[PDB]
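Source file: input_5.cif. Holds: mmCIF, C-alpha atoms.
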data_query
#
loop_
_atom_site.group_PDB
_atom_site.id
_atom_site.type_symbol
_atom_site.label_atom_id
_atom_site.label_comp_id
_atom_site.auth_asym_id
_atom_site.auth_seq_id
_atom_site.Cartn_x
_atom_site.Cartn_y
_atom_site.Cartn_z
ATOM 1 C CA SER A 1 199.183 141.344 83.646
ATOM 2 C CA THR A 2 199.583 142.788 87.125
ATOM 3 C CA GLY A 3 201.992 142.611 90.030
ATOM 4 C CA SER A 4 201.670 143.314 93.746
ATOM 5 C CA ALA A 5 204.517 143.392 96.275
ATOM 6 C CA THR A 6 204.762 144.374 99.913
ATOM 7 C CA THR A 7 207.220 147.118 100.789
ATOM 8 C CA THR A 8 208.706 147.164 104.294
ATOM 9 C CA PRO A 9 210.407 149.973 106.250
ATOM 10 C CA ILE A 10 214.109 149.339 106.776
ATOM 11 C CA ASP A 11 214.084 150.698 110.344
ATOM 12 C CA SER A 12 211.849 152.123 113.061
ATOM 13 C CA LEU A 13 211.913 155.620 111.491
ATOM 14 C CA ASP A 14 210.740 154.640 107.987
ATOM 15 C CA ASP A 15 214.018 155.956 106.583
ATOM 16 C CA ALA A 16 213.391 153.925 103.426
ATOM 17 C CA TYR A 17 211.332 150.977 102.235
ATOM 18 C CA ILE A 18 212.538 147.724 100.696
ATOM 19 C CA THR A 19 210.634 145.505 98.284
ATOM 20 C CA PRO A 20 211.731 141.979 97.292
ATOM 21 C CA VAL A 21 212.660 141.580 93.625
ATOM 22 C CA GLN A 22 213.443 138.318 91.841
ATOM 23 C CA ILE A 23 216.377 138.560 89.415
ATOM 24 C CA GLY A 24 217.654 135.799 87.174
ATOM 25 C CA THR A 25 217.120 132.079 86.773
ATOM 26 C CA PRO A 26 216.914 130.478 89.269
ATOM 27 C CA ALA A 27 215.644 133.563 91.041
ATOM 28 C CA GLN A 28 217.982 135.591 93.211
ATOM 29 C CA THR A 29 215.826 137.681 95.537
ATOM 30 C CA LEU A 30 217.227 141.097 96.431
ATOM 31 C CA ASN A 31 215.531 143.761 98.554
ATOM 32 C CA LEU A 32 215.479 146.941 96.493
ATOM 33 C CA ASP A 33 214.576 150.543 97.267
ATOM 34 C CA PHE A 34 211.844 151.498 94.772
ATOM 35 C CA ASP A 35 212.666 155.075 93.792
ATOM 36 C CA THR A 36 210.240 157.208 91.779
ATOM 37 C CA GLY A 37 212.965 159.875 91.682
ATOM 38 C CA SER A 38 215.490 157.920 89.592
ATOM 39 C CA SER A 39 215.540 155.574 86.623
ATOM 40 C CA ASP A 40 218.266 152.958 87.151
ATOM 41 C CA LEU A 41 217.773 149.421 88.448
ATOM 42 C CA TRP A 42 221.114 148.731 90.089
ATOM 43 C CA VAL A 43 222.238 146.041 92.492
ATOM 44 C CA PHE A 44 225.024 144.987 94.759
ATOM 45 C CA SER A 45 226.699 142.143 92.923
ATOM 46 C CA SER A 46 229.519 139.635 92.746
ATOM 47 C CA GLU A 47 231.378 142.438 90.909
ATOM 48 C CA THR A 48 231.084 144.972 93.737
ATOM 49 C CA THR A 49 234.421 145.864 95.334
ATOM 50 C CA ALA A 50 234.567 143.476 98.278
ATOM 51 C CA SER A 51 235.393 146.131 100.887
ATOM 52 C CA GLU A 52 232.249 148.037 99.832
ATOM 53 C CA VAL A 53 229.905 145.115 100.601
ATOM 54 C CA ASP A 54 228.835 144.816 104.249
ATOM 55 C CA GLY A 55 225.867 142.491 104.691
ATOM 56 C CA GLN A 56 223.924 143.143 101.480
ATOM 57 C CA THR A 57 222.602 140.312 99.365
ATOM 58 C CA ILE A 58 224.377 140.279 96.017
ATOM 59 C CA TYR A 59 223.334 139.420 92.477
ATOM 60 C CA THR A 60 225.721 136.924 90.841
ATOM 61 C CA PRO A 61 225.062 137.001 87.081
ATOM 62 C CA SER A 62 227.257 133.955 86.436
ATOM 63 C CA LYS A 63 224.732 131.868 88.417
ATOM 64 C CA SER A 64 221.778 133.049 86.300
ATOM 65 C CA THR A 65 221.159 131.080 83.124
ATOM 66 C CA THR A 66 219.227 134.031 81.659
ATOM 67 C CA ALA A 67 221.826 136.732 82.380
ATOM 68 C CA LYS A 68 223.639 138.272 79.420
ATOM 69 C CA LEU A 69 226.343 140.932 79.568
ATOM 70 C CA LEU A 70 225.162 144.078 77.788
ATOM 71 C CA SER A 71 228.412 144.512 75.936
ATOM 72 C CA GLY A 72 230.106 147.882 76.331
ATOM 73 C CA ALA A 73 227.438 149.323 78.603
ATOM 74 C CA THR A 74 228.376 151.179 81.778
ATOM 75 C CA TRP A 75 226.461 153.276 84.266
ATOM 76 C CA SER A 76 227.236 155.881 86.905
ATOM 77 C CA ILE A 77 224.758 157.728 89.074
ATOM 78 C CA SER A 78 224.893 160.423 91.731
ATOM 79 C CA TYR A 79 221.876 161.021 93.941
ATOM 80 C CA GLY A 80 220.583 164.209 95.532
ATOM 81 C CA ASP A 81 221.952 163.140 98.927
ATOM 82 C CA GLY A 82 225.517 162.954 97.585
ATOM 83 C CA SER A 83 225.656 159.165 97.323
ATOM 84 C CA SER A 84 226.724 157.403 94.139
ATOM 85 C CA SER A 85 227.366 154.074 92.450
ATOM 86 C CA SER A 86 228.646 152.780 89.096
ATOM 87 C CA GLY A 87 229.373 149.610 87.159
ATOM 88 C CA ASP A 88 228.468 147.495 84.137
ATOM 89 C CA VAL A 89 225.188 146.067 82.874
ATOM 90 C CA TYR A 90 223.497 142.722 82.323
ATOM 91 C CA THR A 91 220.106 141.939 80.921
ATOM 92 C CA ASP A 92 218.106 139.381 82.869
ATOM 93 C CA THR A 93 214.605 138.376 83.891
ATOM 94 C CA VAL A 94 213.212 140.529 86.694
ATOM 95 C CA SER A 95 209.978 139.871 88.568
ATOM 96 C CA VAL A 96 208.176 142.062 91.102
ATOM 97 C CA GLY A 97 205.170 140.717 92.933
ATOM 98 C CA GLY A 98 204.423 138.197 90.185
ATOM 99 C CA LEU A 99 204.956 140.603 87.253
ATOM 100 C CA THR A 100 207.833 139.467 85.027
ATOM 101 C CA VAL A 101 209.945 141.461 82.564
ATOM 102 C CA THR A 102 212.423 139.660 80.342
ATOM 103 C CA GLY A 103 215.495 141.478 79.083
ATOM 104 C CA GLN A 104 215.496 144.062 81.880
ATOM 105 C CA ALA A 105 218.725 146.024 82.266
ATOM 106 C CA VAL A 106 220.201 145.064 85.639
ATOM 107 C CA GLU A 107 223.015 147.468 86.463
ATOM 108 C CA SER A 108 225.691 145.617 88.420
ATOM 109 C CA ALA A 109 227.650 147.794 90.836
ATOM 110 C CA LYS A 110 231.410 147.679 90.729
ATOM 111 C CA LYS A 111 231.613 150.638 93.144
ATOM 112 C CA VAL A 112 229.162 152.090 95.651
ATOM 113 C CA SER A 113 229.586 155.066 97.952
ATOM 114 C CA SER A 114 229.919 154.675 101.694
ATOM 115 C CA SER A 115 226.283 155.394 102.518
ATOM 116 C CA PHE A 116 225.223 152.343 100.493
ATOM 117 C CA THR A 117 227.880 150.101 102.050
ATOM 118 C CA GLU A 118 226.831 151.244 105.521
ATOM 119 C CA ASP A 119 223.178 150.300 104.940
ATOM 120 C CA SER A 120 223.050 146.521 105.011
ATOM 121 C CA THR A 121 219.272 146.442 104.428
ATOM 122 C CA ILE A 122 219.242 147.875 100.880
ATOM 123 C CA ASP A 123 220.557 145.607 98.113
ATOM 124 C CA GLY A 124 220.084 148.185 95.336
ATOM 125 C CA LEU A 125 217.573 150.555 93.778
ATOM 126 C CA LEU A 126 214.715 150.071 91.328
ATOM 127 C CA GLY A 127 214.090 153.345 89.543
ATOM 128 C CA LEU A 128 210.535 154.341 88.630
ATOM 129 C CA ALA A 129 211.050 157.849 87.216
ATOM 130 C CA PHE A 130 211.065 158.391 83.454
ATOM 131 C CA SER A 131 213.554 156.434 81.364
ATOM 132 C CA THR A 132 215.064 159.680 80.023
ATOM 133 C CA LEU A 133 217.010 159.815 83.332
ATOM 134 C CA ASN A 134 218.548 156.352 82.972
ATOM 135 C CA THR A 135 222.343 156.625 83.137
ATOM 136 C CA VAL A 136 223.401 153.626 81.021
ATOM 137 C CA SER A 137 225.862 154.578 78.282
ATOM 138 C CA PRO A 138 226.168 154.425 75.325
ATOM 139 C CA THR A 139 222.637 152.983 74.977
ATOM 140 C CA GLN A 140 220.153 154.301 77.527
ATOM 141 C CA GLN A 141 217.968 151.601 79.068
ATOM 142 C CA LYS A 142 214.322 151.448 80.102
ATOM 143 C CA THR A 143 212.964 151.190 83.616
ATOM 144 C CA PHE A 144 211.162 148.101 84.849
ATOM 145 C CA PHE A 145 207.848 149.967 84.579
ATOM 146 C CA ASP A 146 208.562 151.154 81.042
ATOM 147 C CA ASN A 147 209.389 147.592 79.984
ATOM 148 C CA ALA A 148 206.290 146.171 81.688
ATOM 149 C CA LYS A 149 203.857 148.909 80.685
ATOM 150 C CA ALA A 150 202.508 147.462 77.441
ATOM 151 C CA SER A 151 201.720 144.128 79.120
ATOM 152 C CA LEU A 152 199.957 145.631 82.131
ATOM 153 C CA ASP A 153 196.182 145.668 82.383
ATOM 154 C CA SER A 154 196.444 149.450 82.841
ATOM 155 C CA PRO A 155 199.669 151.493 82.421
ATOM 156 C CA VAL A 156 199.925 152.471 86.078
ATOM 157 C CA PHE A 157 201.632 151.665 89.315
ATOM 158 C CA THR A 158 200.598 152.674 92.822
ATOM 159 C CA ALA A 159 202.529 153.422 95.988
ATOM 160 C CA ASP A 160 200.830 152.773 99.337
ATOM 161 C CA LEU A 161 203.578 153.329 101.892
ATOM 162 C CA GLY A 162 202.933 152.539 105.544
ATOM 163 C CA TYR A 163 203.620 154.638 108.617
ATOM 164 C CA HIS A 164 205.817 152.461 110.818
ATOM 165 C CA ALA A 165 204.348 149.489 108.948
ATOM 166 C CA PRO A 166 204.573 147.657 105.625
ATOM 167 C CA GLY A 167 202.729 148.873 102.565
ATOM 168 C CA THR A 168 202.266 147.892 98.933
ATOM 169 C CA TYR A 169 203.471 148.623 95.403
ATOM 170 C CA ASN A 170 200.978 147.487 92.768
ATOM 171 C CA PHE A 171 201.562 147.380 89.025
ATOM 172 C CA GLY A 172 198.830 147.421 86.407
ATOM 173 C CA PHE A 173 195.745 148.008 88.557
ATOM 174 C CA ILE A 174 194.273 150.368 91.140
ATOM 175 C CA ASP A 175 193.116 148.573 94.324
ATOM 176 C CA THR A 176 189.886 150.411 95.073
ATOM 177 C CA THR A 177 189.845 148.924 98.596
ATOM 178 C CA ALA A 178 193.157 150.581 99.519
ATOM 179 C CA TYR A 179 191.957 154.179 99.904
ATOM 180 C CA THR A 180 189.039 156.220 101.184
ATOM 181 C CA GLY A 181 187.001 158.707 99.198
ATOM 182 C CA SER A 182 188.088 159.477 95.650
ATOM 183 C CA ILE A 183 191.439 159.785 93.896
ATOM 184 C CA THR A 184 192.231 163.319 92.723
ATOM 185 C CA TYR A 185 194.392 163.386 89.615
ATOM 186 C CA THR A 186 196.767 166.221 88.786
ATOM 187 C CA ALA A 187 198.965 167.102 85.831
ATOM 188 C CA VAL A 188 202.569 165.937 85.513
ATOM 189 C CA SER A 189 205.508 167.531 83.736
ATOM 190 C CA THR A 190 208.089 165.041 82.509
ATOM 191 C CA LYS A 191 210.471 167.777 81.335
ATOM 192 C CA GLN A 192 213.030 167.002 84.072
ATOM 193 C CA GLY A 193 212.403 163.245 83.971
ATOM 194 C CA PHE A 194 210.504 163.225 87.278
ATOM 195 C CA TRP A 195 206.910 162.775 88.399
ATOM 196 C CA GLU A 196 206.724 166.554 88.737
ATOM 197 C CA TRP A 197 203.436 168.178 89.720
ATOM 198 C CA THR A 198 202.064 171.328 91.363
ATOM 199 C CA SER A 199 200.450 171.242 94.783
ATOM 200 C CA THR A 200 197.728 173.834 95.319
ATOM 201 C CA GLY A 201 198.821 174.893 98.817
ATOM 202 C CA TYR A 202 199.195 173.928 102.431
ATOM 203 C CA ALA A 203 197.945 174.265 105.976
ATOM 204 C CA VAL A 204 199.719 173.887 109.317
ATOM 205 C CA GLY A 205 197.733 172.036 111.964
ATOM 206 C CA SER A 206 194.202 173.389 112.263
ATOM 207 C CA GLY A 207 195.214 176.638 110.553
ATOM 208 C CA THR A 208 193.709 178.114 107.437
ATOM 209 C CA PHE A 209 194.695 176.714 104.064
ATOM 210 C CA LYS A 210 197.114 178.882 102.083
ATOM 211 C CA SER A 211 196.429 178.647 98.358
ATOM 212 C CA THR A 212 199.779 178.784 96.592
ATOM 213 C CA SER A 213 201.355 176.762 93.796
ATOM 214 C CA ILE A 214 204.187 174.484 94.953
ATOM 215 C CA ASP A 215 205.961 172.635 92.132
ATOM 216 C CA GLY A 216 207.694 169.472 93.279
ATOM 217 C CA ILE A 217 208.342 165.807 92.621
ATOM 218 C CA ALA A 218 206.717 162.670 94.003
ATOM 219 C CA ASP A 219 209.827 160.777 95.172
ATOM 220 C CA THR A 220 209.516 157.483 97.040
ATOM 221 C CA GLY A 221 213.306 157.332 97.312
ATOM 222 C CA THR A 222 213.548 160.458 99.485
ATOM 223 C CA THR A 223 212.689 160.080 103.178
ATOM 224 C CA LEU A 224 211.527 163.589 104.047
ATOM 225 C CA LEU A 225 209.298 166.384 102.740
ATOM 226 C CA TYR A 226 211.366 169.263 101.300
ATOM 227 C CA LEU A 227 209.452 172.492 100.701
ATOM 228 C CA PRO A 228 210.182 176.202 100.267
ATOM 229 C CA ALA A 229 211.736 177.923 103.254
ATOM 230 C CA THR A 230 208.669 180.114 103.787
ATOM 231 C CA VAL A 231 206.397 177.066 104.136
ATOM 232 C CA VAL A 232 208.827 175.190 106.362
ATOM 233 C CA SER A 233 209.319 178.189 108.656
ATOM 234 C CA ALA A 234 205.543 178.548 108.982
ATOM 235 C CA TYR A 235 205.295 174.898 110.053
ATOM 236 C CA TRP A 236 208.086 174.905 112.638
ATOM 237 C CA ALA A 237 206.946 178.238 114.089
ATOM 238 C CA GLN A 238 204.024 176.245 115.539
ATOM 239 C CA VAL A 239 206.394 173.978 117.531
ATOM 240 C CA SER A 240 207.761 175.589 120.700
ATOM 241 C CA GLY A 241 211.530 175.434 120.751
ATOM 242 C CA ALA A 242 211.946 174.282 117.147
ATOM 243 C CA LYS A 243 214.766 175.923 115.215
ATOM 244 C CA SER A 244 216.950 175.448 112.183
ATOM 245 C CA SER A 245 220.351 174.118 113.208
ATOM 246 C CA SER A 246 223.163 174.680 110.729
ATOM 247 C CA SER A 247 225.347 172.193 112.612
ATOM 248 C CA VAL A 248 222.756 169.412 112.534
ATOM 249 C CA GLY A 249 221.630 170.216 108.990
ATOM 250 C CA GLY A 250 218.012 171.274 109.340
ATOM 251 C CA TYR A 251 215.121 171.918 111.653
ATOM 252 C CA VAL A 252 215.232 170.212 115.029
ATOM 253 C CA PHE A 253 212.656 170.307 117.779
ATOM 254 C CA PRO A 254 212.348 169.241 121.423
ATOM 255 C CA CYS A 255 211.567 165.564 121.627
ATOM 256 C CA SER A 256 208.942 166.484 124.268
ATOM 257 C CA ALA A 257 206.879 168.364 121.678
ATOM 258 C CA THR A 258 203.614 167.222 120.122
ATOM 259 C CA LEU A 259 203.858 168.053 116.410
ATOM 260 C CA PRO A 260 201.002 169.579 114.407
ATOM 261 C CA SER A 261 199.763 168.000 111.222
ATOM 262 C CA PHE A 262 200.660 169.361 107.794
ATOM 263 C CA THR A 263 198.144 169.449 104.935
ATOM 264 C CA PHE A 264 199.022 169.710 101.264
ATOM 265 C CA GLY A 265 196.664 170.402 98.386
ATOM 266 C CA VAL A 266 196.064 168.213 95.345
ATOM 267 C CA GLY A 267 193.686 170.224 93.216
ATOM 268 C CA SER A 268 190.703 170.923 95.453
ATOM 269 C CA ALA A 269 191.527 167.877 97.596
ATOM 270 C CA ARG A 270 193.632 167.821 100.754
ATOM 271 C CA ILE A 271 196.087 165.233 102.091
ATOM 272 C CA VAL A 272 196.749 165.437 105.836
ATOM 273 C CA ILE A 273 200.130 164.323 107.174
ATOM 274 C CA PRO A 274 199.683 163.572 110.905
ATOM 275 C CA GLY A 275 202.152 165.252 113.214
ATOM 276 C CA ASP A 276 203.653 161.937 114.290
ATOM 277 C CA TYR A 277 204.784 161.291 110.700
ATOM 278 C CA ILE A 278 207.023 164.371 110.964
ATOM 279 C CA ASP A 279 209.048 163.037 113.935
ATOM 280 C CA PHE A 280 212.381 161.495 112.913
ATOM 281 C CA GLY A 281 213.607 160.973 116.444
ATOM 282 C CA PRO A 282 216.700 161.994 118.362
ATOM 283 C CA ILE A 283 219.491 163.559 116.338
ATOM 284 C CA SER A 284 221.907 161.169 118.114
ATOM 285 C CA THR A 285 221.211 158.371 120.558
ATOM 286 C CA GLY A 286 219.947 159.714 123.862
ATOM 287 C CA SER A 287 219.531 163.298 122.670
ATOM 288 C CA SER A 288 216.415 165.281 123.543
ATOM 289 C CA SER A 289 216.704 167.177 120.245
ATOM 290 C CA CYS A 290 214.680 165.479 117.509
ATOM 291 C CA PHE A 291 215.037 165.799 113.739
ATOM 292 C CA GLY A 292 212.139 167.208 111.748
ATOM 293 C CA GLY A 293 210.487 165.473 108.823
ATOM 294 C CA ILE A 294 209.699 168.711 106.967
ATOM 295 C CA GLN A 295 212.832 170.516 105.812
ATOM 296 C CA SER A 296 213.737 173.359 103.475
ATOM 297 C CA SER A 297 214.373 172.647 99.817
ATOM 298 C CA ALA A 298 216.264 175.930 99.414
ATOM 299 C CA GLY A 299 219.606 174.166 98.880
ATOM 300 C CA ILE A 300 218.216 171.470 96.554
ATOM 301 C CA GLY A 301 216.749 173.351 93.600
ATOM 302 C CA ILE A 302 213.482 171.395 93.646
ATOM 303 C CA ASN A 303 210.733 170.662 96.140
ATOM 304 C CA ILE A 304 210.422 166.982 97.048
ATOM 305 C CA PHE A 305 207.283 165.187 98.196
ATOM 306 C CA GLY A 306 209.187 162.323 99.774
ATOM 307 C CA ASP A 307 207.996 159.474 101.948
ATOM 308 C CA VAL A 308 206.727 161.760 104.768
ATOM 309 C CA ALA A 309 204.132 163.117 102.347
ATOM 310 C CA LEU A 310 203.518 160.067 100.183
ATOM 311 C CA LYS A 311 202.863 157.668 103.055
ATOM 312 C CA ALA A 312 199.881 159.813 104.069
ATOM 313 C CA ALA A 313 198.255 158.968 100.718
ATOM 314 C CA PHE A 314 197.453 156.278 98.204
ATOM 315 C CA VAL A 315 199.415 157.492 95.175
ATOM 316 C CA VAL A 316 198.742 156.589 91.542
ATOM 317 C CA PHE A 317 201.594 156.951 89.053
ATOM 318 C CA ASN A 318 199.650 156.980 85.782
ATOM 319 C CA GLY A 319 202.005 156.232 82.892
ATOM 320 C CA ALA A 320 199.513 156.756 80.100
ATOM 321 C CA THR A 321 200.652 158.649 77.008
ATOM 322 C CA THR A 322 200.103 161.856 78.977
ATOM 323 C CA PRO A 323 201.173 160.899 82.513
ATOM 324 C CA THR A 324 199.302 162.097 85.594
ATOM 325 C CA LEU A 325 199.494 161.579 89.365
ATOM 326 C CA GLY A 326 196.601 160.635 91.611
ATOM 327 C CA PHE A 327 196.314 161.088 95.361
ATOM 328 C CA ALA A 328 193.713 159.695 97.745
ATOM 329 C CA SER A 329 193.431 159.690 101.497
ATOM 330 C CA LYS A 330 193.531 156.285 103.177
#
Translate the structure described by the file into structure tokens.
Amino acid sequence: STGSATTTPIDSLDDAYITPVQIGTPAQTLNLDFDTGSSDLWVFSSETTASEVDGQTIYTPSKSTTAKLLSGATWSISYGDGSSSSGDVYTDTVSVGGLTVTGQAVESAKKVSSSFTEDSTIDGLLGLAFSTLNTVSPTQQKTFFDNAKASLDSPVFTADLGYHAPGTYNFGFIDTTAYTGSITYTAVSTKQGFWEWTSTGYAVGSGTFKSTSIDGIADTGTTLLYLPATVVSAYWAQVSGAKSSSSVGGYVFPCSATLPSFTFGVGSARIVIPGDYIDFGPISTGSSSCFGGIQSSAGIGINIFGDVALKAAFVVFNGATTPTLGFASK
């Protein structure tokens, strides 16, 4: 089997992408944030505290003839941005882009943190990291991809995120028309539960490539590119007037600037992020200070190849017995 679904930016900045997901019988379609940095499929629901729902579409398990309470199971997750959610668990039929999994754990939120409530466009998350990170207790549950894997034509999914435009998540096949050149594959460590890999270096604009190993994660659920402070300083030094602002929370730059590209290495291959992809717009409405799309990871503990990086590539998440990542230009 295969599946193919369009993923759509939630706003004009590409802050996140939403993909429609069918849950239950008859289907209830929710728009979920596909997150290769986490491993829970959780949804706003009829159980979510009413004051914490503000415009999201909810899953109502009592209206699904295939929903079953997973007795005793609870979940609770905290994300790298400080947000969180928790609740109980149902199993139900879940379909993405025509690919159906029966008995998928659907984690129903009883509580969500304010950042979720305040974002009416995201109805929940669909985790695509390794199932070892799934938070369901006392019986850990599998991700949608893990449940689907054995049925897929090939045990892979691909992320093709758009710049200011829709893109595609495919399951079970690699669309050879969706990229240019060849796909370069690189080793993955699953030791932390992530799609963790090592970039071979970087360049700023037309500058020379610096060969240096940068360990990080491919994370579709993170907006920006978070890299070591040395790398980030080298980038922003090429933008007149750019500076790190402790009060804003990162590098800002004059909105009048033209940003240079940023290149990262995948083996001997190179992925070029155009400068425009690094512009996240005014820090507040009407400001002439703009927020940068490349930021320091120094306070995180891990480097993160988020959407800024991934949307410059066609990305293969190869879930074979020994997982690997593939990157192609497009």
Inset, instruction - Name all residues at most 9 Å from segment 110-123 of chain A (count all atoms listed in the file; drop same-chain ones fewer than 2 positions away) and give them as a VMD selection string. - result: chain A and resid 10 to 11 16 to 18 30 to 33 42 to 49 51 to 59 82 to 88 108 125
Using C-alpha atoms, can you write the selected residues to a file as a tab-separated table (two decimals), in the coordinates of the input?
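Just written: again-v4.tsv:
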chain	number	residue	atom	x	y	z
A	10	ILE	CA	214.11	149.34	106.78
A	11	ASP	CA	214.08	150.70	110.34
A	16	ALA	CA	213.39	153.93	103.43
A	17	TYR	CA	211.33	150.98	102.24
A	18	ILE	CA	212.54	147.72	100.70
A	30	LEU	CA	217.23	141.10	96.43
A	31	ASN	CA	215.53	143.76	98.55
A	32	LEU	CA	215.48	146.94	96.49
A	33	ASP	CA	214.58	150.54	97.27
A	42	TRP	CA	221.11	148.73	90.09
A	43	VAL	CA	222.24	146.04	92.49
A	44	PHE	CA	225.02	144.99	94.76
A	45	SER	CA	226.70	142.14	92.92
A	46	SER	CA	229.52	139.64	92.75
A	47	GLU	CA	231.38	142.44	90.91
A	48	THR	CA	231.08	144.97	93.74
A	49	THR	CA	234.42	145.86	95.33
A	51	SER	CA	235.39	146.13	100.89
A	52	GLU	CA	232.25	148.04	99.83
A	53	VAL	CA	229.90	145.12	100.60
A	54	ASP	CA	228.84	144.82	104.25
A	55	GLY	CA	225.87	142.49	104.69
A	56	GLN	CA	223.92	143.14	101.48
A	57	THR	CA	222.60	140.31	99.36
A	58	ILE	CA	224.38	140.28	96.02
A	59	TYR	CA	223.33	139.42	92.48
A	82	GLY	CA	225.52	162.95	97.58
A	83	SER	CA	225.66	159.16	97.32
A	84	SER	CA	226.72	157.40	94.14
A	85	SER	CA	227.37	154.07	92.45
A	86	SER	CA	228.65	152.78	89.10
A	87	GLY	CA	229.37	149.61	87.16
A	88	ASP	CA	228.47	147.50	84.14
A	108	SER	CA	225.69	145.62	88.42
A	125	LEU	CA	217.57	150.56	93.78
Inset, instruction - For the structure shown, which residues end up in the PyMOL selection byres ((chain A and resi 281) around 9)? Put them as JSON, numbers by chain, please? - result: {"A": [13, 255, 279, 280, 282, 283, 284, 287, 288, 289, 290, 291, 292]}
Inset, instruction - Would you list the residues near (214.3, 136.5, 85.7) (no more than 9 Å away, in the coordinates of the file, using all atoms listed in the file) as a list in words? - result: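 Result, sorted by chain then residue number: residues 22, 23, 24, 25, 26, 27, 28, 64, 66, 67, 92, 93, 94, 95, 100, 101, 102, 103 and 104 of chain A.
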C-alpha atoms of the current selection, written as a PDB file, keeping the file's coordinate frame:
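Ended up saving to result-v6.pdb:
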ATOM      1  CA  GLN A  22     213.443 138.318  91.841  1.00  0.00           C
ATOM      2  CA  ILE A  23     216.377 138.560  89.415  1.00  0.00           C
ATOM      3  CA  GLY A  24     217.654 135.799  87.174  1.00  0.00           C
ATOM      4  CA  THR A  25     217.120 132.079  86.773  1.00  0.00           C
ATOM      5  CA  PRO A  26     216.914 130.478  89.269  1.00  0.00           C
ATOM      6  CA  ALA A  27     215.644 133.563  91.041  1.00  0.00           C
ATOM      7  CA  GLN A  28     217.982 135.591  93.211  1.00  0.00           C
ATOM      8  CA  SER A  64     221.778 133.049  86.300  1.00  0.00           C
ATOM      9  CA  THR A  66     219.227 134.031  81.659  1.00  0.00           C
ATOM     10  CA  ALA A  67     221.826 136.732  82.380  1.00  0.00           C
ATOM     11  CA  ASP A  92     218.106 139.381  82.869  1.00  0.00           C
ATOM     12  CA  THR A  93     214.605 138.376  83.891  1.00  0.00           C
ATOM     13  CA  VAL A  94     213.212 140.529  86.694  1.00  0.00           C
ATOM     14  CA  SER A  95     209.978 139.871  88.568  1.00  0.00           C
ATOM     15  CA  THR A 100     207.833 139.467  85.027  1.00  0.00           C
ATOM     16  CA  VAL A 101     209.945 141.461  82.564  1.00  0.00           C
ATOM     17  CA  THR A 102     212.423 139.660  80.342  1.00  0.00           C
ATOM     18  CA  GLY A 103     215.495 141.478  79.083  1.00  0.00           C
ATOM     19  CA  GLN A 104     215.496 144.062  81.880  1.00  0.00           C
TER      20      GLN A 104
END
Inset, instruction - Find the residues near segment 168-175 of chain A: any atom within 7 Å, counting only C-alpha atoms, skip ones fewer than 4 places away on the same chain, and give them as a PyMOL selection string. - result: chain A and resi 1-7+152-161
Inset, instruction - Find the residues around segment 216-222 of chain A up to 6 Å (only C-alpha atoms counted), leave out those fewer than 4 positions away in its own chain, and share them as a PyMOL selection string. - result: chain A and resi 35-37+195-197+303-307
Please write out, as JSON, where the centre of an axis-aligned box around all listed atoms of segment 127-132 of chain A lies and how long its edges are, in Å to one decimal, after adding 4 Å on each side.
{"center_x": 212.8, "center_y": 156.5, "center_z": 84.8, "size_x": 12.5, "size_y": 14.3, "size_z": 17.5}
Inset, instruction - Please provide as a list in words all residues within 9 Å of residue 277 of chain A, with the sequence filter that same-chain residues fewer than 2 positions apart are discarded (counting all atoms listed in the file). - result: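 Within the cut-off, the hits are residues 163, 164, 259, 261, 273, 274, 275, 279, 280, 293, 308, 309, 311 and 312 of chain A.
Coordinates place atom CA of residue 209 of chain A at a distance of 14.1 Å from atom CA of residue 260 of chain A.
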Inset, instruction - Can you work out which one of A:96, A:128, A:227, A:50 has the shortest atom-to-atom distance to residue 213 of chain A, counting all atoms listed in the file? - result: A:227
Legend entry - Interatomic distance (Å, one decimal) between atom CA of residue 265 of chain A and atom CA of residue 179 of chain A: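 According to the coordinates, atom CA of residue 265 of chain A and atom CA of residue 179 of chain A are separated by 17.0 Å.
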Inset, instruction - Would you mind telling me which residue in A:177, A:238, A:131, A:182 lies nearest to residue 328 of chain A when using all atoms listed in the file? - result: A:182
Inset, instruction - Compare A:321, A:29, A:139, A:132 by their minimum atom-to-atom distance to residue 194 of chain A, counting only C-alpha atoms, and give me the closest one. - result: A:132
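The residue set within 10 Å of residue 68 of chain A, counting only C-alpha atoms and dropping same-chain residues fewer than 2 places from it, reads residues 61, 62, 64, 65, 66, 70, 71, 89, 90, 91, 92, 103, 105 and 106 of chain A.
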Legend entry - Counting all atoms listed in the file, the option among A:298, A:21, A:136, A:231 closest to residue 211 of chain A: A:231
Legend entry - Point-to-point distance in Å for atom CA of residue 313 of chain A and atom CA of residue 235 of chain A: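 So the answer is 19.8 Å.
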Legend entry - A:151, A:276, A:326, A:34 ranked by distance to residue 124 of chain A, top pick (using all atoms listed in the file):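 Looking at the shortest contact to residue 124 of chain A, the residue is A:34.
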Could you give me, as a JSON list (two decimals) with C-alpha atoms, in the frame of the given file, the residues that have an atom at most 12 Å away from the point (220.1, 170.2, 93.3) in the coordinates of the file, using all atoms listed in the file?
[["chain", "number", "residue", "atom", "x", "y", "z"],
["A", 78, "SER", "CA", 224.89, 160.42, 91.73],
["A", 79, "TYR", "CA", 221.88, 161.02, 93.94],
["A", 80, "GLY", "CA", 220.58, 164.21, 95.53],
["A", 81, "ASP", "CA", 221.95, 163.14, 98.93],
["A", 82, "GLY", "CA", 225.52, 162.95, 97.58],
["A", 226, "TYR", "CA", 211.37, 169.26, 101.30],
["A", 297, "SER", "CA", 214.37, 172.65, 99.82],
["A", 298, "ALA", "CA", 216.26, 175.93, 99.41],
["A", 299, "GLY", "CA", 219.61, 174.17, 98.88],
["A", 300, "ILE", "CA", 218.22, 171.47, 96.55],
["A", 301, "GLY", "CA", 216.75, 173.35, 93.60],
["A", 302, "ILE", "CA", 213.48, 171.40, 93.65],
["A", 303, "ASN", "CA", 210.73, 170.66, 96.14],
["A", 304, "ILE", "CA", 210.42, 166.98, 97.05]]
